[PDB]
Amino acid sequence: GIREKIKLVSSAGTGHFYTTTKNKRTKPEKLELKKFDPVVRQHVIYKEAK
Amino acid sequence: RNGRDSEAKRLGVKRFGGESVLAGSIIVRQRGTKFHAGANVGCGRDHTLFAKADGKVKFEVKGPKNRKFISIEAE
Amino acid sequence: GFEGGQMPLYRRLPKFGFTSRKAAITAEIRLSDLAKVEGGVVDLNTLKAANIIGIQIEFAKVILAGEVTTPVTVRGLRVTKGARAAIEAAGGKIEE
Amino acid sequence: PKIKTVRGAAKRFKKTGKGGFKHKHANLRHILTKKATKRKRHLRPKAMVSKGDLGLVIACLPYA
RNA sequence: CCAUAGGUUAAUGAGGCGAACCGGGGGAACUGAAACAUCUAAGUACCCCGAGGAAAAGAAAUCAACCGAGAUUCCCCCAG
RNA sequence: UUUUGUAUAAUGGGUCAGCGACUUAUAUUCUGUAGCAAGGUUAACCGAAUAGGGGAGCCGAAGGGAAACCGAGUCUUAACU
RNA sequence: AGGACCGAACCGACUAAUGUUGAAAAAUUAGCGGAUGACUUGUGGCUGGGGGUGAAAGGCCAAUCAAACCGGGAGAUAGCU
RNA sequence: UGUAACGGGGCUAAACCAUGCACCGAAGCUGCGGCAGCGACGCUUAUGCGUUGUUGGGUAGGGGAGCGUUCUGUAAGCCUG
RNA sequence: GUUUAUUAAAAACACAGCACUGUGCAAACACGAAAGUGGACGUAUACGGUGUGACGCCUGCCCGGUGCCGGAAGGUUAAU
RNA sequence: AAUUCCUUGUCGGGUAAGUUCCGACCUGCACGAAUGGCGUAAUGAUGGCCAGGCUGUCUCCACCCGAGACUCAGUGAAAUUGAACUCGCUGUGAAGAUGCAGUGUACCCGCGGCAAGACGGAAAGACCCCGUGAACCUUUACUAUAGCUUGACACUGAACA
RNA sequence: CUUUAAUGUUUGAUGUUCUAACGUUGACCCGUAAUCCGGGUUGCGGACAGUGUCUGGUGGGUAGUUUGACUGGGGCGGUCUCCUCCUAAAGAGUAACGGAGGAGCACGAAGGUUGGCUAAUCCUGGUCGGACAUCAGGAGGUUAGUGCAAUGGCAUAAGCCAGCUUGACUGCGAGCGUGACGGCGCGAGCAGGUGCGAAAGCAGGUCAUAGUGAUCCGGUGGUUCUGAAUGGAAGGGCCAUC
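Chains as they are written, first to last, in PDB author numbering: chain o, 4 to 53; chain j, 11 to 85; chain Y, 49 to 144; chain q, 2 to 65.
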C-alpha cells in the first residue's frame, strides 16, 4: 500500500544491501540497523532508509 | 452475495498413538495449541508439533487444566 | 509441451546459464587409451592422429578412467591428480 | 526430417548423469523483498524434474 | 545562316512457338501460433522479362588464427 | 451409429456387383531379435561394383558446475557434522 | 398545347383462380396500369469484381450476387459430424 | 378411444395372518463328456503327462496367437487338354 | 413516373421547387502508380456535393458536446 | 395521431349492437418546425371506414353444360423404400407402439373413394445454443494504410540594403 | 582577464530588386496536308509551384482482426484470486448462481530478550462530575484483551507495562506435511557473527491461519565466470534486487 521499499546499504566497503519497507510518511527519519555483512562477515551498521 | 470459501488446510493428527516416528516428523499440524508439546516434541511457529527425537508417539492428559500433551517415548 | 492452456513446464520455469564456446574444444582422455597413441608420447596431435579427440580440439585432459600399463610421456596436456599418480606409478612421465 | 528440439526447453532443463533433468526454481526473479530469506535460500539450488513431467520434457528435448 | 530534327533508299539482324531446368523484376493468402496483429506459411503459389544446353557463380578487398588454407558449384558430416 | 439409456416414432442404408479409409519418407525413443563387444558402426564417394575400400563422423566407455575449472568426484559455502 | 383524357398495337405486371413430380426452373385464363413520353424498340458500342451500374431494391452484372464465373494456392483449415 | 388400479379367466379363498412339510423354479451348484489360460509340482529337460489347483461375460482399450488374398524367391521344379 | 427479373409497386426512390456548402478555371470533384480523360469545347444566372421535396401560411430558442470555418499571442510538439 | 403504454382513454356522430371509422378533449409514456411543422385542389392497380346498386359471397345449396376423375385399347413415369406374414384397446417402454405384455377382434384377394396415424415424403431445422467457425456492415474498439496535410533536405540562383 | 571603441575581414539572418534553372492546359513558326508530341521565337509566372526521400497531423476512404468463461437454454444481473466458519456423514478431502463473513495490509516497534503485572462489568463511598472521564474499597471471574474477519488458541500468558536492543541475521539443513506439477509449509541441528539474561537458555520476525502474481523482456549494485585473432571492452552468466 503506502509503505515504500528501501535498501539498507552496508557501512563497510561492500555493496551488500538488505531490503525492506518503510512508512515514509510517519517515519521520515533514516533507519540504522546493525545487520550482518556476509562479505566482511561481521555485524556492521546499515543505513539508507530510501 | 455468497459463494466463497478458502482452500482446505489439511490440519489434524498426522501420526497417531504408538506410531513410530523419525526426528523432525510432524505429528499434529493444527491451529492453536489444541495439543501441547510434551517430552521430545517441539512446537513450531504455527503451532505445528513435531518430533524432536525418535521414538513412539504418546498422547497424554496432564496438568491442572487437563491439557492434551504429546510426548515421544525413546525407541 | 501442451498442457491444455496452462502455462507449460518449459515456459513457467526460468532459464539459466550460457554456453561456453570453450567446452566445445576441450576434451577428456581416459587412461584406457594412451596405449593407443603409437609412440609413447602424448600431445594434442598424436591424439588427433590416433582418432581419439577430433580436429577442432585444442585442450585435453587425462582423467583417471582406468588402467594405464606402458610408460607414457605426457606432453602439454592437463592431467588430473589421480591420473598423475597412475601415469607416474606405471613407469611414465608428465611434463608441461 | 530430423526432429527439431523445443528450443526454449533446452534453455531451461539440463540432462544429468542418470537421465533426469535439472531445472532452475521458479519464483526467484522479482518481487523479492516480501519473501522470507528461507524461501529464497531454498529456491537457489537447482532441482530435478519430477516424475509427472519427464514425459513432457523428454518429448521437448529429444537430443538431450 | 552553318547545322541538328525529320524524310527516302539499301544492307544486316530481330519478331513467334515450345514441357521442365536457370537467372532476374514483382509477389499473396488460406494455414500454424490451439484467438490474433510481430512471426509463420514464404520470397512458396502466381504474374512478368531474359538466356542456354545447361544457366548461375567464379579466380579472395575470402576464411582462419599467430599454425595455416588457397576461385566457383555439387554431395555426406558439422548439427537440429 | 450415437448415447446415462434405443424395438424405438433418433442417424444411416431400395438391392446387387465392383471400388472405398491408420499409409510413405526421414529423424527420435522403447520392446523383440541378430552380429560384434569396452567397443559398435560407417555416410558421401571410389568401385573387379548388393563385394571390397572409405572410420569424415556418430554413439558409448565420466561426471559435477551457469561458467572458468575440477575430475571418481564435483557444486554450494568463509567451511561444511 | 399537354411528362393532357378514353382506348388497341407496344411496354408493363395490381388482383383472383389454375399450375405447383407444371404446358412453363415464374407461366396461363379473366379482369388490371401506362399508352407523344422521364416512352418503347432493333442493330452496334462502352463500363468488370471490393470493381461496374443502380429514379436505391443490397437491386442487377449470362436461370449464380452482403462481393460473378473459371482455373490455381489446395488434399486451406474443421478441438465438429 | 375400450373393461382398463389383480397380466387375464376366475376366486369367498385361488385373500390375509401364524405354523409346518412337500414340490416347481436360472446359463446358479452338482453329474457326465470336451477345449483353453495361469500357477504349483516328479520327470520329461528343448516338453508332454499320471498329475494337480484354479480360471475362461465384456465396451473404450492393452497384450498374445492365427486364416485368407495379390505379387517375388524356391520354380526351366511340381500339377494341367 | 421508378423500384425488390422470380412472394413486397408502396407511404419507399425520383421529381420540379427550396436551402446550405464547395468551386476563379490547369475549377472543385471523379476515374487513373502516371500520362491523360470526364466535369465542359462549360466559366459562378456555371458546375459539384448535401439535405428537404409542388403549392399556401410558416420555419421558434440553444454554439456547452461532436464537426466545420477563422485567429494568431502563449503552452506543448517530429524529422533536422 | 403511420407517433398514445395504461387503452376498447372520455365525450359525441354513424350502428339493433362499432376494439375499426369520423369529430372533439388533451393527462403529448415517447409530436413539433427543411433527418421540415401545419394546411392542401387534382392525382393514386395507395391504407382505413360508410352508403346506393348488385349479386350463390352467404342463409343452403340445387340443377345443367363442358375438361379430367371411372372402364376399354396403345405407350408408359416419379418421389420413396433395413426387412415384413404391416389389426383395436389398456398398460409398459429412450417417457405419444402394426411389432412388448394382457386382452379383444379379424376367411383370402382386389376396385373406387377419404386422409386420422405410419412422430408420412421433400430439404445434415432458417429459430435457440455451441465453434477460441465464416462473411459482409458500423463506430470516438485495436493496429495499419491510401488520400489530404505540415516542415527539413534535394532539384534550387543572383544583386543590394 | 573583464569591459568596450574604430577599421578591415570572416559568415549567417531579413526585406526589396534582378534574370538565368524550372512551370506554362498564352501567342506565333517548323517537323506537318496533325487542337498529340518535340523543337524554335516570344510573353507570363519564377526559386515560388511541382515532384523525390525523411517527418509530425488527420485519416472506417480502405484493410486485417478482436469483441472471455461460469450459467439449472442463452442474454441481463452476479461471479472469477486468497482467508474463516457451516454444509462435510467424529482422520484428510468433498459440490451447487448453498448459508455467513473478510483480505489485496499494518508495524523499526506492534519484532528479540529480560524483569514485572492481570481483565470486562456491576455495587458502595467520594469536589466540580453527569447514565458513563479520575480516586478508594468490594463482588466478579476472563463474560476482557489479542493492529484488522472468523475459527482454533492463550494465565507459564500468545494479553498489559518497563530496561536493553536488531535473530525482521548470512550459508546450510536430518526429517516431515502438502499439492498432477509449478509450487507452498514446518523444522531440531551444524558453521560464522550478534542481542537480551547472573545463568539455564531464548531469538532465522509478529498467537496462528489472508495481505497476492509464473515466465519472457528489461533497469540498478556486486562478482574477470565468459569475453568469437590477441589485450581490453560491449554483451551474456552468477549473486542481490526492481
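Cβ coordinates follow ideal geometry from the N, Cα and C atoms, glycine included.
Query	Result
Find the residues of chain q that neighbour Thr22 of chain o, judging by a C-beta separation of less than 7 Å, and give them in chain order.	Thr34
Here's a check: name, in chain order, each residue in its chain whose Cβ is nearer than 7 Å to the Cβ of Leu44 of chain q, leaving out the five neighbours to either side.	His26, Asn28, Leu29
Taking the alpha carbon of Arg123 of chain Y as the point to measure from, which residue in Y:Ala108, Y:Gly114, Y:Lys129 has its own alpha carbon closest?	Y:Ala108
Report the residue from Y:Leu79, Y:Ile73, Y:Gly88 whose alpha carbon sits nearest the alpha carbon of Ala131 of chain Y.	Y:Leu79
Which residue comes first and which comes last in the beta strand (DSSP E) that contains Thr128 of chain Y?	No beta strand (DSSP E) contains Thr128 of chain Y, which DSSP labels as neither H nor E.
Can the beta-carbon of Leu59 of chain j be found closer than 7 Å to that of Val31 of chain j?	no
Once you ignore the five residues that flank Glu83 of chain j on each side, which residues in its own chain have a CB closer than 7 Å to its CB?	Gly65, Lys66, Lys68
Count the other C-beta atoms from every protein chain shown that fall within 10 angstroms of the C-beta of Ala47 of chain j, then say buried if there are 16 or more, exposed otherwise.	buried
Pull up the distance between the alpha-carbon of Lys52 of chain q and that of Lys50 of chain o, whole angstroms please.	47 Å
Identify, in the order they occur along the chain, each residue of the same chain with its Cβ nearer than 7 Å to the Cβ of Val12 of chain o, setting aside the five sequence neighbours on each side.	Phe20, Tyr49, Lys50, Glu51
What separation, rounded to the nearest whole angstrom, lies between the Cα atoms of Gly28 of chain j and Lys35 of chain q?	41 Å
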